[PDB]
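Note sheet for the following structure.
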Amino acid sequence: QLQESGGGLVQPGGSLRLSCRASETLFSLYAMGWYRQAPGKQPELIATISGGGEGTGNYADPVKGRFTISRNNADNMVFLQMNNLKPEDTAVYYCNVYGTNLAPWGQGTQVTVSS
Amino acid sequence: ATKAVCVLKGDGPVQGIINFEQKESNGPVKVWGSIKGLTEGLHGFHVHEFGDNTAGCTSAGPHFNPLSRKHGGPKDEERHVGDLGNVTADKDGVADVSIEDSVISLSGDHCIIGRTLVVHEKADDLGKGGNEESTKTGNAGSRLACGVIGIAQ
Amino acid sequence: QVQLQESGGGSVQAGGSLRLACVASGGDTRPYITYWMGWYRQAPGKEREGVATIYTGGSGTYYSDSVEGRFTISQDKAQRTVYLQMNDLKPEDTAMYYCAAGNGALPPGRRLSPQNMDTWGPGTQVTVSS
Amino acid sequence: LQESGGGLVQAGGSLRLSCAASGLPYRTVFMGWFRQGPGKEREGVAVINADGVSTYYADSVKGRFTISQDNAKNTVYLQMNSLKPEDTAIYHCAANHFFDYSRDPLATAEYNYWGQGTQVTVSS
Ligand SMILES: [Zn+2]
């Protein structure tokens, strides 16, 4: 249903591009979101993408101005580009619908920030 | 047995009709109807406070918050009285709305008759957006269509 | 004003493949403004028929009863362009093909009607010889 | 959400659970019963609307269980008969102040108010 990929090990100050394929029935909701998960805390909603056309993206406070979210409608795929990574961003990232009930969680992708 | 209705009209092609029904006093309220002209996906859906339509939907004011609380999803305890969550529009843009909410009411302190039903452009994040605009409007975007809620019966 | 313009037509053998594209220009560019974009067929001495229609806010396609799985209409929203694939053509489809757009909140049944259609395109001739 | 009744029964016995909505800020939209089997997910048993007639049952308990509402004590009763050994479950009472009718009236994702949870176990 969800299919996350693109993360891994990255030194402080690098960048990553996380991709998630989402099924047609979940992507037709056109209100996707990249959440981050630190061991112990909740998978807080980091970035959201919703709206017509290419969609409009919103971002939380700790990533405002560093991360950018986008989507491919023909592919039913969501992209997250993380620039100027900090050690606080080391987390497991998932991609799931927001604004409505959360679909079952995918496998996600690990994103570790150390040198 | 109080019945209300609201005709959402706006500058764009988005328009629709949403009726409200309440069988009891301070009981559950059914909210059903149909919107059309929207984009496919999740759109914001709220009951803003002022029933003004002079300067368009911007005259509606903020979400109906009598209890003075933060923003959230409808099923959450911390939410505006006027917070009804999001609506879904299919490939045809036809948002078939059907909802049952016991927080709103057609009478009493939580009366929504005379308040502005407003559909939004993007989706509401139900207060979990992780910033300040999610704790107010819910980053639902702009206000595509709005209408004054009036008594149907 | 939302001005339309079609292209891709020509003389095609009985059984060919054609791509009728229509690139929208001007008008209100805001993305939350949805239309119902339809291709309409007027035969010399007949009326405007209407083959296929598509929603610019989603991906709903509707086809009249006169074309089965011969036509297929798609939309590049990033280029504001609507495409119509015309394959397995029949010699009766020789007519003029106009692309037009109506209000995106059109009730079902009025989506593929030329009376409930706003702006119209110039039109191009697609003749099919047997 | 206070719960009452339950315990143990044999293969083909009976039982009746009751849930009284206590200290709720708003009125009830959908009140009912879910259950968690021995090492299984919390699955929807039987729920009922505020009107007292709109009911929704699971296919495992279809025909067998029966939900009702007293409204006087805003209490919901579930009568479970001919309980099978699969009916061994911690039964959890569930409430709602909102419900989207385009969703499942039997999902744990659709309810935020929950109770202590009784135990209903069956022999054989
Ligand atoms: Zn609100």
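Neighbour counts are summed over all protein chains in view; Cβ atoms, including those assigned to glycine, are modelled from backbone coordinates with ideal geometry. Rule-based calculations on the coordinates, nothing more; no lab input.
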Take the alpha carbon atoms of segment A:3-64, find their center, do the same for segment C:109-126, and report the distance between the two centers in whole angstrom.
-> 41
Could you work out the longest stretch of chain B that avoids the GluC sites (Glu not before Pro) located in DSSP loops with at most 15 other Cβ atoms within 10 Å?
-> B:79-131
Cα gyration tensor, chain B - rounded (a/c under 1.5), prolate or oblate = rounded
What does a probe at D:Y56 reach in segment B:1-44, counting residues whose amide N is under 18 Å from the point 7 Å along Cα→Cβ?
-> B:28-33
Rounded Å value of the spacing that divides the Cα centres of segment B:105-134 and segment C:18-66 = 36
Please give the FRET efficiency for D:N71 paired with C:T29, using the beta carbon to beta carbon distance and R0 = 51 Å, rounded to the nearest 0.05.
-> 0.40
With +1 at each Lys and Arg Cβ and -1 at each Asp and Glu Cβ, the charge dipole magnitude of segment D:22-124 around its Cα centre, to the nearest 20 debye, comes out at 180
Quick one: dipole size for the protein assembly as shown, taken about the Cα centre, charges +1 on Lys/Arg Cβ and -1 on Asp/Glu Cβ, in debye to the nearest 20.
-> 220
Exposure rule at most 15 other beta-carbon atoms within 10 Å, DSSP loop trypsin sites (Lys or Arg not before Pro): chain C longest free segment | C:1-69
Label A:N101 and C:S7 with points 7 Å out from Cα along Cα→Cβ: what is the distance between them in nm?
-> 4.9
At the level of C-alpha centres, the distance separating segment D:1-30 and segment A:68-115, in angstrom, is 41
